[PDB]
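Derivation of every value follows stated rules applied to the coordinates shown; laboratory data play no part. Positions of Cβ are backbone-derived with ideal geometry, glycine not excepted, and every protein chain shown enters the neighbour counts.
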Amino acid sequence: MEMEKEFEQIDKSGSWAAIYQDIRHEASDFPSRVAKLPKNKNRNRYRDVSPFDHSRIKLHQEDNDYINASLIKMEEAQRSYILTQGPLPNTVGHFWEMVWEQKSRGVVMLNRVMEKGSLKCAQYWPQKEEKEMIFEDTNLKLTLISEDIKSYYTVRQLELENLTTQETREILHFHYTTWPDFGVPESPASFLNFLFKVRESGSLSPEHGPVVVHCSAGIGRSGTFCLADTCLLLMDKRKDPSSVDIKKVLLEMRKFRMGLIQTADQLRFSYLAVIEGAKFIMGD
Ligand SMILES: O=C(O)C1c2ccccc2Oc2ccccc21
């Protein structure tokens, strides 16, 4: 069923809350035993958001390999994403260790450091060129190279170098700064413009490690970004683009991380974004 007609049918019937609860009911439940070990309590931002054991990212260290981060591997679409929480004061070094070890080119940030008057993640990147950051626990140095501030978002060029050797890779940083909590972007227009800037950078392409995507919990806004990207890629690949079922793609993605899409409004906005974005994919 053309999603655009499925969309109008749900809107006219006002059944978004009903559709959303049906997804919640059918979603995978896998163990998260490593996340719940007492040694890891200060590595989790939210008691109720944990990576499954089968899909969690492992840090390359013998001491403690745990980070709140999941590998979402889309087979039909040939895209991978790492979804993670906003870094905590004691996990900013782990965060950059993961980017290094997984060979990522891009970090996508969908939250502000402060929202609703509370801290939603650590200030984990440098704000001035001449004030670099050193992460002593993981032996990394991070330098701001350049910053491009636009109306809806900011792009930063960062230098990451192995202080174990001398390997130097440049990481890009895509910061959406207008998205509110459990809320929706302004018009899917600015969110789609942002998604197309990440794509144009190379950050989502198979010559690199998976993109790192976060918000505060790494399930709501983060979920909306990977769901919209994968659904548009499928529409581009298939003989019949009307065969793309957004609810079925979401349930596939929920095999790899719990809770993706946090509200019925986030589900509705994901539909809107894919419907408006398809008007480019199909040749306009
Ligand atoms: O499709 C593939 O060749 C491969 C893959 C194979 C089986 C299952 C999942 C899967 O995911 C991805 C994701 C990105 C790139 C390649 C793959």
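The residue among 214, 13, 280 whose Cα reaches farthest toward the positive pole of the charge dipole of the chain, with charges on the beta-carbon of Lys, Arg, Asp and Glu, is 13. Spin-label pair residue 7-residue 150: with each label point 7 Å from Cα along the Cα-Cβ axis, the two points sit 2.2 nm from one another. Of the trypsin sites (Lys or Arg not before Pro) found in the range 154-241, those that fall in a DSSP loop while having at most 14 other beta-carbon atoms within 10 Å are 238, 239. Summary of packing: across the peptides 207-215, 259-267, the per-residue average of other C-beta atoms within 10 Å ranks them, highest first, as 207-215, 259-267. Across the chain, Cα pairs under 8 Å and at least six residues apart give a relative contact order of 23 percent. Starting at 0 and stepping by 10 Å, how many percent of the alpha carbon pairs of the chain end up in each bin? Final binned percentages: 6, 29, 36, 21, 7, 1, 0.
Take the residue pairs 39/128; 150/239; 36/247; 58/116; 5/116; 41/255 and return only those whose Cα atoms are more than 26 Å apart. Can you show the working numbers first?
Values: 39/128 35 Å; 150/239 37 Å; 36/247 29 Å; 58/116 32 Å; 5/116 36 Å; 41/255 24 Å.
Beyond 26 Å between Cα atoms: 39/128; 150/239; 36/247; 58/116; 5/116.
Toward the positive end of the charge dipole of the chain, with +1 on the Cβ of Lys and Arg and -1 on the Cβ of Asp and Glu, the farthest Cα among 94, 104, 182 is that of 182. What angle, in degrees between 0 and 90 and rounded to the nearest 10, separates the Cα long axis of helix 264-281 from the longest principal axis of the Cα atoms of the chain? Approximately 80 degrees, to the nearest 10. A simple spin-label model places pseudo-atoms 7 Å from Cα toward Cβ; at residue 169 and residue 196 they are separated by 2.8 nm. What is the Cα centroid distance between the range 206-252 and the range 1-72, reported in whole angstrom? Between the Cα centre of the range 206-252 and that of the range 1-72, the gap is 14 Å.
Loop-located GluC sites (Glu not before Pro) in the range 92-143 (DSSP state other than H, G, I, E, B) with a sparse environment of at most 16 neighbouring Cβ atoms within 10 Å: 129, 130, 132, 136.
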